[PDB]
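Engineer: I have a structure here, written as structure tokens, and I will follow up with some questions on it.
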Amino acid sequence: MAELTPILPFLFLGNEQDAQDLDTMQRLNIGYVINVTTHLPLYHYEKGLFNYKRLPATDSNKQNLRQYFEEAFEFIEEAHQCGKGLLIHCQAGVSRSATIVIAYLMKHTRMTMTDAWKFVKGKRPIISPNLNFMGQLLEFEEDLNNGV
Ligand SMILES: CSc1scc2c1-c1nc(SCC(=O)C(C)(C)C)ncc1CC2
């Protein structure tokens, strides 16, 4: 039903149609959800199962995602520390969600921007591009290899 592309054993990437698959989320022991949109609903919120973080962003040329980098990392860390998986998603392009996942890999695995990009690409091949987001990731790499 839902490709919940597993980036790491505790970190899953998907689109809106993927976040609407409760069985899959429970099969994979997901307890945390990051919704990187403004307008989509927090699926299954009324069910009392998951914890959530909305990152209110749009697939745009002007959207800043680096602001939400530290937030998303602290949630990823709570899910792992608490031994449960996290699904970060947005919509069809997974452009917004994939930017954040990559950002995580570059900081917490210390990959390069491109090395993480080859890593994510290989697992989920279809990923709408966004040159605005790529620039922020490169800005992030500079800042990680500098200590800032
Ligand atoms: C960190 S992405 C990266 S790094 C080096 C290259 C690329 C790339 N990416 C994409 S789509 C993925 C995206 O744009 C994001 C939503 C994750 C920002 N198409 C083509 C290329 C060519 C070469």
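Note on naming: chains are A, B, ... as they come in the structure tokens, residues start from 1 per chain, ligands start from 1 in the order shown.
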From the DSSP assignment of the backbone, select every residue of range 9-142 of chain A that is strand (DSSP E), and format the answer as a list in words.

Structural biologist: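 Strand (DSSP E) members of range 9-142 of chain A, listed: residues 11, 12, 13, 14, 30, 31, 32, 33, 34, 35, 51, 52, 53, 54, 85, 86, 87, 88 and 89 of chain A.
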
Engineer: Which neighbours of range 140-142 of chain A fall inside 8 Å, counting only C-alpha atoms, when residues of the same chain fewer than 6 positions from it are skipped, and could you give them as a ChimeraX atom specification?

Structural biologist: /A:66,103,106,112-113

Engineer: As a ChimeraX atom specification, which residues of chain A does DSSP assign to helix (DSSP H, G or I)?

Structural biologist: /A:16-19,22-27,45-47,66-81,95-109,113-123,131-144

Engineer: Selected residues, C-alpha atoms, written as an mmCIF file, in the first residue's frame, please.

Structural biologist:
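File written: result.cif
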```
data_model
loop_
_atom_site.group_PDB
_atom_site.id
_atom_site.type_symbol
_atom_site.label_atom_id
_atom_site.label_comp_id
_atom_site.auth_asym_id
_atom_site.auth_seq_id
_atom_site.Cartn_x
_atom_site.Cartn_y
_atom_site.Cartn_z
ATOM 1 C CA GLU A 16 0.951 12.092 1.968
ATOM 2 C CA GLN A 17 -0.529 8.844 0.641
ATOM 3 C CA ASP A 18 2.126 6.971 2.640
ATOM 4 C CA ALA A 19 1.272 8.698 5.943
ATOM 5 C CA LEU A 22 -1.827 2.882 9.848
ATOM 6 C CA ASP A 23 -1.032 -0.838 9.592
ATOM 7 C CA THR A 24 2.351 -0.111 7.980
ATOM 8 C CA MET A 25 3.212 2.483 10.625
ATOM 9 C CA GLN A 26 2.385 -0.006 13.395
ATOM 10 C CA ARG A 27 4.153 -2.913 11.674
ATOM 11 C CA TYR A 45 -3.988 12.173 15.517
ATOM 12 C CA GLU A 46 -7.396 11.441 17.049
ATOM 13 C CA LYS A 47 -6.298 7.818 17.612
ATOM 14 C CA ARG A 66 17.298 25.219 7.715
ATOM 15 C CA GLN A 67 15.314 26.918 10.501
ATOM 16 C CA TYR A 68 13.565 23.583 11.107
ATOM 17 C CA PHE A 69 16.769 21.523 10.943
ATOM 18 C CA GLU A 70 17.553 21.600 14.678
ATOM 19 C CA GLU A 71 13.910 20.871 15.570
ATOM 20 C CA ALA A 72 13.679 17.852 13.270
ATOM 21 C CA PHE A 73 16.975 16.437 14.571
ATOM 22 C CA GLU A 74 15.843 16.663 18.206
ATOM 23 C CA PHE A 75 12.695 14.704 17.318
ATOM 24 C CA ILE A 76 14.629 12.058 15.374
ATOM 25 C CA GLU A 77 16.749 11.755 18.515
ATOM 26 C CA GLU A 78 13.783 11.299 20.846
ATOM 27 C CA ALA A 79 12.367 8.496 18.674
ATOM 28 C CA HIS A 80 15.682 6.645 18.608
ATOM 29 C CA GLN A 81 16.384 7.291 22.301
ATOM 30 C CA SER A 95 11.273 17.333 -1.795
ATOM 31 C CA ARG A 96 10.739 18.956 1.639
ATOM 32 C CA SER A 97 11.000 15.668 3.623
ATOM 33 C CA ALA A 98 14.091 14.406 1.664
ATOM 34 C CA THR A 99 15.883 17.703 2.297
ATOM 35 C CA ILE A 100 15.442 17.219 6.064
ATOM 36 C CA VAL A 101 16.393 13.538 5.997
ATOM 37 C CA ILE A 102 19.556 14.363 4.069
ATOM 38 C CA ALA A 103 20.263 17.201 6.456
ATOM 39 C CA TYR A 104 20.117 14.651 9.295
ATOM 40 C CA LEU A 105 22.535 12.254 7.584
ATOM 41 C CA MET A 106 25.061 15.011 6.896
ATOM 42 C CA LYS A 107 25.158 16.163 10.521
ATOM 43 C CA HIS A 108 24.634 12.925 12.445
ATOM 44 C CA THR A 109 26.394 10.456 10.140
ATOM 45 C CA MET A 113 25.681 16.468 0.882
ATOM 46 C CA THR A 114 26.121 14.336 -2.259
ATOM 47 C CA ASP A 115 27.069 11.127 -0.422
ATOM 48 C CA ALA A 116 23.845 11.349 1.587
ATOM 49 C CA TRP A 117 22.012 12.205 -1.677
ATOM 50 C CA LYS A 118 23.295 9.021 -3.309
ATOM 51 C CA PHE A 119 22.261 7.133 -0.175
ATOM 52 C CA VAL A 120 18.682 8.417 -0.152
ATOM 53 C CA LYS A 121 18.312 8.315 -3.955
ATOM 54 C CA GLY A 122 19.171 4.607 -3.968
ATOM 55 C CA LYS A 123 16.312 3.756 -1.600
ATOM 56 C CA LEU A 131 17.435 23.893 -6.250
ATOM 57 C CA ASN A 132 16.497 26.253 -3.429
ATOM 58 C CA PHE A 133 16.751 23.374 -0.952
ATOM 59 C CA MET A 134 19.972 22.051 -2.468
ATOM 60 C CA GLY A 135 21.532 25.440 -1.826
ATOM 61 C CA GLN A 136 20.570 25.329 1.830
ATOM 62 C CA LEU A 137 22.072 21.848 2.189
ATOM 63 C CA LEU A 138 25.320 23.116 0.656
ATOM 64 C CA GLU A 139 25.152 26.099 3.017
ATOM 65 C CA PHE A 140 24.688 23.484 5.759
ATOM 66 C CA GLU A 141 27.711 21.438 4.652
ATOM 67 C CA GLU A 142 29.900 24.555 4.756
ATOM 68 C CA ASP A 143 28.625 25.249 8.267
ATOM 69 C CA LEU A 144 29.116 21.669 9.470
#
```

Engineer: Let me make sure I understand: among A:145, A:51, A:128, A:60, which one has the smallest atom-to-atom distance to residue 35 in chain A if we use only C-alpha atoms?

Structural biologist: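 Counting only C-alpha atoms, the residue closest to residue 35 in chain A is A:51.
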
Engineer: Of the candidates A:42, A:82, A:49, A:13, which one gets nearest to ligand 1 if we count only C-alpha atoms and all ligand atoms?

Structural biologist: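 With only C-alpha atoms and all ligand atoms as the atom set, the closest residue is A:13.
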
Engineer: Measure the distance from atom 8 (C, counted along the ligand's line) of ligand 1 to CA of residue 111 in chain A in Å and round it to one decimal.

Structural biologist: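 Atom-to-atom, atom 8 (C, counted along the ligand's line) of ligand 1 and CA of residue 111 in chain A are spaced 15.1 Å apart.
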
Engineer: As a list in words, please: the residues near residue 3 in chain A (cut-off 7 Å, only C-alpha atoms, same-chain neighbours under 2 positions excluded).

Structural biologist: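 Counting only C-alpha atoms, the residues come to residues 1, 5, 14 and 18 of chain A.
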
Engineer: Which one is closest to ligand 1: A:124, A:39, A:84, A:53? Count only C-alpha atoms and all ligand atoms.

Structural biologist: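 Among the listed residues, A:124 lies closest to ligand 1.
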
Engineer: Env of residue 40 in chain A: 10 Å cut, atoms = only C-alpha atoms, seq-sep filter 2 positions within chain, self excluded. Answer as JSON, numbers by chain.

Structural biologist: {"A": [16, 35, 36, 37, 38, 42, 43, 54, 56, 90, 91]}

Engineer: Generate a file of the selected residues that holds N, CA, C and O atoms, formatted as a PDB file, in the first residue's frame.

Structural biologist:
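The file below, part_22.pdb, is the result:
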```pdb
ATOM      1  N   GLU A  16       2.252  12.017   1.299  1.00  0.00           N
ATOM      2  CA  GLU A  16       0.951  12.092   1.968  1.00  0.00           C
ATOM      3  C   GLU A  16       0.222  10.752   1.912  1.00  0.00           C
ATOM      4  O   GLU A  16      -0.333  10.292   2.918  1.00  0.00           O
ATOM      5  N   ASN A  35       5.397  15.978  10.010  1.00  0.00           N
ATOM      6  CA  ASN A  35       4.641  16.396   8.832  1.00  0.00           C
ATOM      7  C   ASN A  35       5.218  17.743   8.395  1.00  0.00           C
ATOM      8  O   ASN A  35       5.093  18.745   9.112  1.00  0.00           O
ATOM      9  N   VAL A  36       5.879  17.754   7.233  1.00  0.00           N
ATOM     10  CA  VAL A  36       6.603  18.931   6.773  1.00  0.00           C
ATOM     11  C   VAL A  36       5.729  19.688   5.783  1.00  0.00           C
ATOM     12  O   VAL A  36       6.143  19.973   4.655  1.00  0.00           O
ATOM     13  N   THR A  37       4.494  19.973   6.193  1.00  0.00           N
ATOM     14  CA  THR A  37       3.593  20.812   5.428  1.00  0.00           C
ATOM     15  C   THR A  37       2.834  21.721   6.384  1.00  0.00           C
ATOM     16  O   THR A  37       2.968  21.612   7.607  1.00  0.00           O
ATOM     17  N   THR A  38       2.046  22.640   5.814  1.00  0.00           N
ATOM     18  CA  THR A  38       1.100  23.445   6.580  1.00  0.00           C
ATOM     19  C   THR A  38      -0.324  22.928   6.469  1.00  0.00           C
ATOM     20  O   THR A  38      -1.067  22.927   7.458  1.00  0.00           O
ATOM     21  N   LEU A  42      -2.699  16.081  10.318  1.00  0.00           N
ATOM     22  CA  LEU A  42      -1.854  15.136  11.055  1.00  0.00           C
ATOM     23  C   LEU A  42      -2.619  13.823  11.137  1.00  0.00           C
ATOM     24  O   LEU A  42      -3.432  13.609  12.028  1.00  0.00           O
ATOM     25  N   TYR A  43      -2.359  12.940  10.182  1.00  0.00           N
ATOM     26  CA  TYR A  43      -3.109  11.702  10.054  1.00  0.00           C
ATOM     27  C   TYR A  43      -3.043  10.854  11.318  1.00  0.00           C
ATOM     28  O   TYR A  43      -1.970  10.661  11.902  1.00  0.00           O
ATOM     29  N   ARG A  54       4.757  19.217  13.466  1.00  0.00           N
ATOM     30  CA  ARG A  54       4.505  19.823  12.162  1.00  0.00           C
ATOM     31  C   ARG A  54       5.626  20.806  11.840  1.00  0.00           C
ATOM     32  O   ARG A  54       5.950  21.683  12.652  1.00  0.00           O
ATOM     33  N   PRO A  56       5.848  23.575   9.299  1.00  0.00           N
ATOM     34  CA  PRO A  56       4.949  24.211   8.328  1.00  0.00           C
ATOM     35  C   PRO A  56       5.670  24.877   7.159  1.00  0.00           C
ATOM     36  O   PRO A  56       5.980  26.075   7.208  1.00  0.00           O
ATOM     37  N   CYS A  90       5.968  14.640   3.469  1.00  0.00           N
ATOM     38  CA  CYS A  90       5.346  15.848   2.950  1.00  0.00           C
ATOM     39  C   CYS A  90       4.381  15.387   1.875  1.00  0.00           C
ATOM     40  O   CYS A  90       3.352  14.802   2.185  1.00  0.00           O
ATOM     41  N   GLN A  91       4.685  15.633   0.600  1.00  0.00           N
ATOM     42  CA  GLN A  91       3.808  15.199  -0.475  1.00  0.00           C
ATOM     43  C   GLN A  91       4.593  14.445  -1.550  1.00  0.00           C
ATOM     44  O   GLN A  91       5.678  13.912  -1.301  1.00  0.00           O
TER      45      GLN A  91
END
```

Engineer: What is the CA of residue 55 in chain A to atom 21 (C, counted along the ligand's line) of ligand 1 distance in Å?

Structural biologist: 23.7 Å

Engineer: Please indicate the distance in Å from CA of residue 59 in chain A to CA of residue 44 in chain A, rounded to one decimal place.

Structural biologist: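 Taking CA of residue 59 in chain A and CA of residue 44 in chain A, their separation equals 23.4 Å.
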